[PDB]
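Okay, structure first, notes after.
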Ligand SMILES: CCCCCCc1cccc(NC(=O)[C@H](N)CCP(=O)(O)O)c1
Ligand SMILES: *[C@@H]1O[C@H](CO)[C@@H](O)[C@H](O)[C@H]1NC(C)=O
């Protein structure tokens, strides 16, 4: 008879040992999955109902919700076709009962990839090609999840059958575990790169306004010759004396004309010197250690104009920054000589000490900053729900039948990965209130 008969299921659930060992709890999860259906319906309903959410990143966030929406479906069917009903299924129906979970996982992982790569392009800066990436994602998912249905299983190799999945081959689970963890590794390494490089990029754009970029040697309001983002070359009133310093600070004979990178690489040096000038002063270091990344960079901007002693000459305001009473600090500095010399320059710096956000230099630099935080947490919860399963799966690959006993009760791990599908809609309305105000708007 066809190797699509009900005896193979009995035979394979016999060799593992979950045939005689069999146990109300289901109808509870069946109902919990219906909550995961709605939770992700509103995610796909609000992104379709909000004009500001018709942005490329939100389409990948929605595809992720569609993956976790079909996961909630595929698992309601799993609960209805598990336990006693497992044996009223053909091997094909079985590979279709579990294959739908792997397709829902594969799609979810590449959705996180598509969201992580749609972050790296915000700093380093296209609508049809997106519903081409989303189409590619599900085709690649069906191919990986369908491999056991297409033959890569163990229907004759009982010795090679997985304990947690009796018809799946240990080589298939070893492959999936490896591919998806390598992708999840690459995504973690990508967000850290995006987080730290934007931390530098924000400082590069802040002073690109307050000091102003230049490729040809100019003179400041005081008189002395300057280049790029406020880099003083010499106090000397000779242009060739300034060209001497520039052709030595860059190396090549620039003749006063430098490059975009040569300006940026010369800029970081004045950032390094400004940062070191804070880490060598007892009135600046505690202030810097107490400030957040936005206000840490805001202090570096004041030091990039006056200096160590120049910014130290504001102790009455620095003390207020240590006590976290930004409001009084913003007033004292507005009344001091610094807010009068360069008024619009200080105005932006003081607004950053008051707010604590870049909503003084660039419009979309708070909402994008809030998304980066939330978007990473979505991955942080994902990698925390699947890692216990992926480890047990990786144990089973190296386990012999009826040897490892933790495998015979893997359901604790399996449902953690299922409940992960309902954590993402909740994580949006809590951490990113930009999204939360659009949901409550329905
Ligand atoms: C490395 C790839 C991992 C994909 C995990 C697929 C998955 C996730 C969550 C649940 C399930 N399916 C189950 O829990 C099944 N009911 C297996 C239990 P049984 O077949 O009854 O022994 C399958
Ligand atoms: C399969 O179960 C039957 C009894 O239901 C028995 O003949 C046999 O011990 C089991 N198979 C293996 C491979 O242990």
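Our numbering is plain: 1 for the first residue shown, then up by one each step along the chain.
Per deposition record, X-ray crystallography, 3.3 Å.
Every residue, even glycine, has its Cβ placed from backbone N, Cα and C.
According to Swiss-Prot, the N-linked glycosylation site annotation covers 14, 20. Annotated transmembrane segment per Swiss-Prot: 24-45, 60-81, 94-115, 131-152, 167-194, 375-395, 407-427, in sequence order. The topological domain 'Cytoplasmic' annotation in Swiss-Prot covers 46-59 and rests on experimental evidence. Residues annotated as topological domain 'Extracellular' in Swiss-Prot, with experimental evidence given as evidence: 82-93, 153-166, 396-406. The sphing-4-enine 1-phosphate binding site annotation in Swiss-Prot covers 97, 98, 382, 383, 384, 385, 386. According to Swiss-Prot, the disulfide bond annotation covers 154-161, 399-404, on the basis of experimental evidence.
Features per Swiss-Prot, on structure.
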{"residue": "14", "record": "N-linked glycosylation site", "DSSP class": "helix"}
{"residue": "20", "record": "N-linked glycosylation site", "DSSP class": "coil"}
{"residue": "97", "record": "sphing-4-enine 1-phosphate binding site", "DSSP class": "helix"}
{"residue": "382", "record": "sphing-4-enine 1-phosphate binding site", "DSSP class": "helix"}
{"residue": "399", "record": "disulfide bond", "DSSP class": "coil"}
{"residue": "404", "record": "disulfide bond", "DSSP class": "coil"}
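Local packing around the glycosylation sites 14, 20 was summarised as the count of other Cβ atoms within 10 Å of each Cβ; on this measure the leading residue is 14. Under 6 Å, Cβ to nearest atom of ligand 2: this is the test, and of the recorded positions 14, 97, 98 it is passed by 14.
Same-chain residues lying 6 or more positions outside the transmembrane segment (167-194) and placing a CB less than 8 Å from one of its CB atoms are 8-9, 12, 91, 94-95, 98, 102, 105-106, 109-110, 112-113, 116-117, 119-120, 123, 144, 147-148, 152-155, 157, 160-161, 372, 375-376, 379, 382-383, 386, 390, 393-394, 396-397. The number of other Cβ atoms within 10 Å of the Cβ belonging to residue 97 (sphing-4-enine 1-phosphate binding site), over all protein chains shown, comes to 20. The stretches the transmembrane segment (94-115) and the transmembrane segment (24-45) do not meet in space: the count of Cβ pairs below 8 angstroms, excluding pairs fewer than 6 apart in sequence, stays at fewer than three. A coil conformation is recorded for residue 154 (disulfide bond) in the three-state DSSP classification, outside any helix or strand. Under DSSP, the residues of the topological domain 'Cytoplasmic' (46-59) split into helix, strand and coil as follows: 11 helix, 0 strand, 3 coil.
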